[PDB]
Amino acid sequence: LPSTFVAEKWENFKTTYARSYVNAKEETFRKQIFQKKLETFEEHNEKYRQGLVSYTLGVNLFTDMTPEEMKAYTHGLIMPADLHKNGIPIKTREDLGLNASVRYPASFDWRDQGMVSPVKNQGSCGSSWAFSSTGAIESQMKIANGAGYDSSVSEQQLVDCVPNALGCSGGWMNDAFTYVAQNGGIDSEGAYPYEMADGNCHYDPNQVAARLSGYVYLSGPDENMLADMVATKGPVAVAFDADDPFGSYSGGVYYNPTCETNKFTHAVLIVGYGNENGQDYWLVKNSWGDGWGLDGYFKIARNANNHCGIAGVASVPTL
């Protein structure tokens, strides 16, 4: 890439993401990271146009960040001893309370019904487990109360209060769900706003925005059953292998030959599914701001042998 081109793209980046690099050495270092990443995007996006890969890479909040700085965003999950404490297993379709040989649409998107809350940004706190959890609770609230129902619940309450989560250093959605159910509710985001930092639990029982009776979880990585769970129960909290270069995804359908089905590093929310360019995909809400990916969302390979473990730890809270 021409140098003045990079320099312009770099100046634009600093301005747009409000970077403050206050000496030549900090500047040189960050621009080096940025330029190396740009080269990798060009090469990747070339393999894409040649139909060697299914997704594109692009500039976003991560482009001048080091692996250590990205860790909070992409690798904040912590798997506990019991992956589904107090959860109710979904083994068959009858467990969903649904009939045999009914057949839900082959493509679906909860946004078409207005049941997905706005995209949020977790920032520099490994709290994706909390955002996945609140996102799924908020979608349940809209399903029960209508698309226009203001549903925004408190990630900070989970970060501070879930007893055996580890806060900004990590956590687990199912532990968040069972906590909310046993706590007697979760506060609104207004009453208990996000601090992007660890804190001391100050839950207010008089500011509860939502209550849960529990949650259900998908017993095994059956993507077909997962599509039915999305279609009938609502957006599903899930986790997957978000190893690089996932962070720099900018469009298309994410497929990574090296992805593990057994490594759950990032928690997100499936809001639908479909197919494009001959590939089935899951449509997924992220928590890295609405500037990341496709307006805060991404597509990842579906019916590709539980790609990146996307169907491996799927659950939905129950109001």
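Note that residue numbering follows the sequence shown and begins at 1.
J.: Mean CA temperature factor from the deposited coordinates, higher in 38 to 46 or in 59 to 67?
T.: Here the higher of the two C-alpha B-factor means belongs to 38 to 46.
J.: Between 145 to 153 and 92 to 100, which has the larger average Cα B-factor in the PDB entry?
T.: Mean B over CA atoms: larger for 92 to 100.
J.: For the listed residues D198, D112, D175, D228, which one has the largest C-alpha B-factor as given in the deposited model?
T.: The C-alpha B-factor peaks, among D198, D112, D175, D228, at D198.
J.: Tell me, please, which of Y215, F246, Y192, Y73 has the highest C-alpha B factor according to the deposited entry?
T.: Answer for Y215, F246, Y192, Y73: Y192, with the highest C-alpha B-factor.
J.: Compare the C-alpha B factor of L1 with those of the other modelled residues in its chain, then answer lowest, middle or highest third.
T.: Its C-alpha B-factor belongs to the highest third of this chain's values.
J.: C-alpha B factor of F108, ranked within the chain: lowest, middle or highest third?
T.: Middle third - that is where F108 ends up once the chain's C-alpha B-factors are sorted.
J.: Sorting by Cα B-factor within the chain, modelled residues only, which third would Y203 end up in: lowest, middle or highest?
T.: According to the entry, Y203 has a C-alpha B-factor in the chain's highest third.
J.: In terms of the CA temperature factor given in the entry, to which third of its chain does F13 belong: lowest, middle or highest?
T.: For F13, whose C-alpha B-factor we compare with every modelled residue in the chain, the answer is the lowest third.
J.: Using the B-factor values recorded in the entry, state whether the Cα atom of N164 falls in the lowest, middle or highest third among the modelled residues of its chain.
T.: Its C-alpha B-factor belongs to the highest third of this chain's values.
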